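# need coordinates for the following:
(one chain, ligands or ions: 6)
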Amino acid sequence: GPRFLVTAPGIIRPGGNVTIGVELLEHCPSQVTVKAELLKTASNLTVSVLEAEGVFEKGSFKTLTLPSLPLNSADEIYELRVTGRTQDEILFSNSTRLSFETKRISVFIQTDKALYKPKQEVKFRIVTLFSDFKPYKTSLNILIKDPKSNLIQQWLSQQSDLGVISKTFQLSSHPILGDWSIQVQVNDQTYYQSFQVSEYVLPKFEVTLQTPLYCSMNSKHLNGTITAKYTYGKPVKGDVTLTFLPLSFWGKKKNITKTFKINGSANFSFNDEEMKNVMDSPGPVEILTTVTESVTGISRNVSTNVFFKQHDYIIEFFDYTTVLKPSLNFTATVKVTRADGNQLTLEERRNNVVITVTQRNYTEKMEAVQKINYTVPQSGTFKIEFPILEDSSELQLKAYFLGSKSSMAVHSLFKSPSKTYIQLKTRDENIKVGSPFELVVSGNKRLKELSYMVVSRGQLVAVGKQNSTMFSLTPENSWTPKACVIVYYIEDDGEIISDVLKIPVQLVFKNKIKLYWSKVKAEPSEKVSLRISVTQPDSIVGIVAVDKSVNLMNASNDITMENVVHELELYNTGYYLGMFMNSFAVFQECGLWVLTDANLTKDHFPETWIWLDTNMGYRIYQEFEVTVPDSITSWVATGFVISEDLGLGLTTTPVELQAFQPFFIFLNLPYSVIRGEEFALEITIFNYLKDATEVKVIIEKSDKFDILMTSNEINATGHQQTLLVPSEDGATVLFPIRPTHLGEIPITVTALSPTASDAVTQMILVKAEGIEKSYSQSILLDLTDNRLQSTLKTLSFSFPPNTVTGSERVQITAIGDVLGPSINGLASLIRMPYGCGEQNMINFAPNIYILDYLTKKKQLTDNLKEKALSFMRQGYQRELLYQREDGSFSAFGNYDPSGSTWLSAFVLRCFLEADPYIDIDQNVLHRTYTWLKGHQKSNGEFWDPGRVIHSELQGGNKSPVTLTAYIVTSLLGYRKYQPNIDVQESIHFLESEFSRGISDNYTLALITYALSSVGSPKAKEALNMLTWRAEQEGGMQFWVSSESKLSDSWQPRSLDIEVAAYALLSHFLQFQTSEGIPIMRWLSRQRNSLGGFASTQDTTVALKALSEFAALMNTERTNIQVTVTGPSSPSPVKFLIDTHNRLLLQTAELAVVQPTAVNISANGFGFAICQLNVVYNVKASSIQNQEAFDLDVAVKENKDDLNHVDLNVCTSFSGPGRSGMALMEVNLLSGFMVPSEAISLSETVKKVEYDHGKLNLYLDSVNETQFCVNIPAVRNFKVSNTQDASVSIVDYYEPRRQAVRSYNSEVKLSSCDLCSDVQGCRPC
Ligand SMILES: *[C@@H]1O[C@H](CO)[C@@H](O[C@@H]2O[C@H](CO)[C@@H](O)[C@H](O)[C@H]2NC(C)=O)[C@H](O)[C@H]1NC(C)=O
Ligand SMILES: *[C@@H]1O[C@H](CO)[C@@H](O[C@@H]2O[C@H](CO)[C@@H](O)[C@H](O)[C@H]2NC(C)=O)[C@H](O)[C@H]1NC(C)=O
Ligand SMILES: *[C@@H]1O[C@H](CO)[C@@H](O)[C@H](O)[C@H]1NC(C)=O
Ligand SMILES: *[C@@H]1O[C@H](CO)[C@@H](O)[C@H](O)[C@H]1NC(C)=O
Ligand SMILES: *[C@@H]1O[C@H](CO)[C@@H](O)[C@H](O)[C@H]1NC(C)=O
Ligand SMILES: *[C@@H]1O[C@H](CO)[C@@H](O)[C@H](O)[C@H]1NC(C)=O
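Residues are numbered from 1 along each chain as shown. Ligands and ions are numbered 1, 2, ... in the order given. Find the structure here:
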């Protein structure tokens, strides 16, 4: 008879012990020894990697566990060989292939949110656990990818402490929207986790559109309620425009227009016949509704999908035994419900379900269609348990009920020659780890000593023998997430009677964590404490706390039991046996290879509050104090704990804290107001109680504004107003406020309810009328010479006659470094916006140059280093937006017709220079270089297919020379990645063009810089020729290029600054310092109050030049005592500059007098820059003044209408040919906003940016043909006595080519139109 039944799983997994079940039956000779070995057939040879051996006794089902394969093993040809021998005979010796499973460890990536906004911090944790949820100490590499698959930021060789790595990643202001990715590279495997980044637009008001998802054709009443409500809680009293349309292409797809007043939330009861007509299983009905408030002009839309059930009743079959074993009892829990969701018990029971049983013998013999009437229970799962005849092959159950006469067919007859069958079954549902569960073994014949075996995650985790038909098993963590219990025994004839039950085992963790809130309900901005109680000391805990609104989207970025189950389900993988009609199939159904001599025959943006990460040491209980955020929400806290001994443990339930207040105050402030205007502060009191309350709103009296409410009551000045707030919102109390002082003003509104009180303080910026003008004058106190111990300079400025009194502001700064002022103003070097492609580099390349200068000078502080690198990463993230699909970079990304070689070269050079500091994706560099090198002509000339944005390089005459000289310099930094960049023909072309004769200063400067960078022998001649054209004046060298359309200003042209910077770089690259110093002196004295130069490009080039050249100066000691005494500073203001405060920008606010003047007296050694900054506002503003642009703003708006102001801005460029990229800044009138997508992008308007009451239009180019753009603005705040706003168009790369005009609406709100109908409020 049979003697052995050695069974092994068919898979191999690194890090998992291979266990082999050995059963020696009764008719076995003696104690055998079973050896097992894992052979690796990598090459043609076979290497016995692992092996095990054991002596097993007769009549005992035991296990043989191999040593675990090392976790770093790769996919090889693995073959498990088992050989069992006794004192003489070898009973069996066989081998089989093992399928390789690459899921070795469990890696969880936990981001605090699934959906992110721009300017948000992605906080992410990485948890690395073994298959048994113990911490896995390893060195992982973290990578972050944007949706275009660009390496944004990586961390390398991160050593995980108890398997947990906590990190943060700062998103930029304008990232690439889409699905980002986090990749964790443990060993040779990579684990992914995507988080979505999407832009957030203010929804204004929301619509709910509640409808039942599953309805029935026979349901008379169907209603869809649409709840329109403003964000402040007030319902919208608007007329819904509704379209109730199907997607049934065979139908008409007409829309029933139930367009009337919603009145907050109305009923929309429908008719059955009407819906039959509209229909004439459907495509789901799409409900689309829209409310449009007339004044705002804003409309919100929602799509709601409504599927359809055929009948009023729904009968569904599940939990059915997929194997039809004759002489056994079929069982299936069949649910009865109704499309409305209300079973209604007796009322819809209507007596019995016949549950027609169709038994068939599958002939072409025993054909029975008998029906058994059974009553419907209240639960609906009647769980019929009818028997099966001895030869029934096919079963069809047809439950005939009043609705949904559903059918089910099962066709799988288990084949057994002896007609012997068993069946493993379970009654329990909550099958957990450590909790025993019962198993019942039904059988149609005599049952012998059963033998069970459990397979889980492709590993044989338990064996044994049971002598009874009812036995209990206790799962362990290895059994999860889905065990497979195979019960079998062997009859006398060597037939294996067996059955499989697949049991979902719930996972219970030994490690336990409990979170407790101090208070279940707390007020906002209250200090509560979160209490963490863990099992054992030396545990690392990660706790997240998020708004209750989350999880309605089923966010996958959290360590919850669902995510743990999903992770564990990746272990349980393998081919599944569709058929189970034989014992061999029964064994194989859970991946088992059986070696036996028996007859085995083949046949929605949720904000985050707490991101706590604490390494609890000796403590098993720790309390952390936190502040409840101001918003009225509900915060649920969840967390995990990891310890070395017990492993992982999750919180069973999230614990909730309700942030509740009796009422809440909302203020609606205009952000900016001009001095002299009178705005209307509206305060809204959202009342959350269930009964009307009488709140009392008070504004704290301040000297920086006057409230115009001349109250009727005596004593009280009208700063207080009492009102009755009904339940659930309703208050819009208005205070007319006239600011008096300028700057930032705080307004503090305090509401005193009888029960509670609250206060809200908000800041309003009050500016001065007119256009803001600036002046800056710098001097370099070059006290290095010992003879020049004392130095006296004078800085003067005379205000224009049309200055706005009170808007003047004079200050003076001193700093002890040549590149000083650029250090402080790294965050913002220029006042222009940088939403375009090239301009964004103004927050990137200067960081490179400052870090290079400070590292060379050995003065780089850690804090400044980290700030600079953070700016570098933000600049890189923002810049990668403007990369086109063909690898190019353009000024406006993919909106441009084609990329620009000039800007691609600029970005390539900057990224190559930023390699040693931050991490740049090399694929971006490779694609950019590949795109560039296709544009080199036969003679070496580079040409730019992109749109001209810099008229000097790209446009004008000598364009090929400047483009070649720029791109040749930019490509040299790529010689690291490719030592054979063939630019010798380009160099020869530049040399020939230089020998031709260069007249312009800018072209010659670029030629000199190119020839110096490539070390061409003509470079010395070019630089000598460029120097001799300079202006030697006052120990300074500079180049002045004349133009008759530049507004007079302190600052020179961008072209002149670039010329000086390139000449200085040429002097540096040729190792000529003494004759380069004057250019350094001049270049250092032409910066603005922010430490930057005029435009973006000139600023980057000049900062590069000053960083490269200032590093060669000797400033080892500097001790300067600057004294500032003059008419504008009566008291002598003294700045001390030492070797410690070298980079400190020492500032002092001077008085305002006409004319401003200061004498600066300095004594000592070293370099010091002293700068006088004046900021003022001229009153008002083509004509005889020097303006390159002719601008005209015509405000056309009806006098009767006070809410809409449409202005037509017509501009033209009276200059040589076309201009470069231009910027139009439209300042809106106080209390006016331009709705989004109001200005359509066109061939001219390339980008519209909506700042706070300001529009930045990036015009492509302006020429002599008049270009007119319409700006429609809609009132959102009531502001009386509005002051004139301004429209200013400038050339981006030459700000002195500018034109500014003033405008104002011809109709104004009066002083007392601000007040509402409230009593006691009398401004007129
Ligand atoms: C290049 O720069 C030099 C130096 O500023 C310019 O030379 C000056 O040109 C102006 C206007 O023609 C004269 O009034 C000065 O006397 C010149 N100063 C010199 C030669 O030292 C030169 O014009 C510039 N060239 C171009 C093409 O812009
Ligand atoms: C600032 O400097 C100016 C010029 O260097 C000084 O003006 C001279 O002052 C002296 C003495 O006060 C007079 O004798 C001269 O006639 C002045 N010349 C001019 C052109 O004004 C001025 O006094 C200095 N102011 C301070 C406060 O030191
Ligand atoms: C599993 O394998 C590891 C390493 O191969 C070994 O240390 C351990 O003892 C094995 N487990 C059993 C139960 O033999
Ligand atoms: C096992 O080995 C025997 C003897 O070499 C062979 O007859 C049989 O086909 C092998 N495979 C099995 C039993 O699956
Ligand atoms: C099967 O059902 C029949 C009839 O309901 C019952 O007599 C018998 O005991 C049942 N057997 C099992 C194993 O459920
Ligand atoms: C001005 O630019 C517009 C827009 O491209 C073009 O249609 C027109 O021909 C240009 N006119 C001149 C004189 O350059």
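# what is the burial count for residue 934?
8 (other CB atoms under 10 Å). For the C-beta atoms, the positions are set from N, CA and C on the backbone; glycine is no exception.
# then residue 728?
Using other CB under 10 Å: residue 728 sits among 13 other residues.
# surely it is in contact with residue 692?
No: using CB atoms under 8 Å, residue 728 is not in contact with residue 692, being 10.2 Å away.
# which parts of the stretch 201-350 of the chain sit against ligand 5?
residue 329 (CB under 6 Å from any ligand atom).
# so what's residue 1162 bridging to?
residue 791, residue 1122 (DSSP bridges).
# burial count for the closest residue to ligand 5 within the stretch 1051-1200 of the chain?
Distances between the stretch 1051-1200 of the chain and ligand 5 by CB to the nearest ligand atom are smallest at residue 1096, namely 83.1 Å. Residues lying near residue 1096 (other CB under 10 Å) number 26.
# now residue 424
Look at residue 424: counted by other CB under 10 Å, it has 20 neighbours.
# can you offset everything so residue one is 42?
In the new count, where the first residue is 42, that last one comes out as residue 465.
# name all residues that make contact with it.
If a contact means CB atoms under 8 Å, 6 or more residues apart in numbering, then residue 465 has 480-482, 526, 528, 540-542 as its contacts.
# then residue 948 would be within a helix, right?
Yes: Residue 948: assigned to a helix according to DSSP: H, G, I helix; E, B strand; the rest coil.
# next, work out how far apart it and residue 146 are.
40 Å (CB to CB, to the nearest Å).
# which one's more surrounded, these two?
Neighbour count, other CB under 10 Å: between residue 948 and residue 146, residue 948 has more, with 27 against 19.
# I figured that one hits residue 969, correct?
Yes: with contact defined as CB under 8 Å, residue 948 counts as touching residue 969 (6.7 Å).
# identify the contacts common to these two.
Common neighbours of residue 948 and residue 969, using CB under 8 Å, 6+ apart, are residue 930.
# residue 186 and residue 210 touch, don't they?
No: the criterion here is CB under 8 Å, and residue 186 misses it with residue 210 at 11.3 Å.
# which neighbours do those two share?
Taking CB under 8 Å, 6+ apart as the contact rule, residue 186 and residue 210 both touch residue 193.
# list the buried residues of stretch 1235-1254.
1236, 1238, 1246, 1248, 1250, 1252-1254 (16 or more other CB atoms under 10 Å).
# from the stretch 242-391 of the chain, which residue is nearest to ligand 6?
Taking CB to the nearest ligand atom, the stretch 242-391 of the chain has residue 338 as its residue nearest ligand 6, at 30.9 Å.
# return the residues in contact with that residue.
By CB under 8 Å, 6+ apart, residue 338 lies in contact with 1276, 1315.
# likewise residue 369?
Going by CB under 8 Å, 6+ apart, residue 369 touches 428-429, 462, 464, 483, 485.
# give me the buried subset of those residues.
Buried among these (16+ other CB under 10 Å): 429, 462, 464, 483, 485.
# ramachandran coordinates for the residue in the stretch 42-191 of the chain that ligand 2 sits nearest to?
Nearest residue of the stretch 42-191 of the chain to ligand 2: residue 160, at 48.6 Å (CB to the nearest ligand atom). Dihedral pair for residue 160: phi 60, psi 50, per degrees, to the nearest 10.
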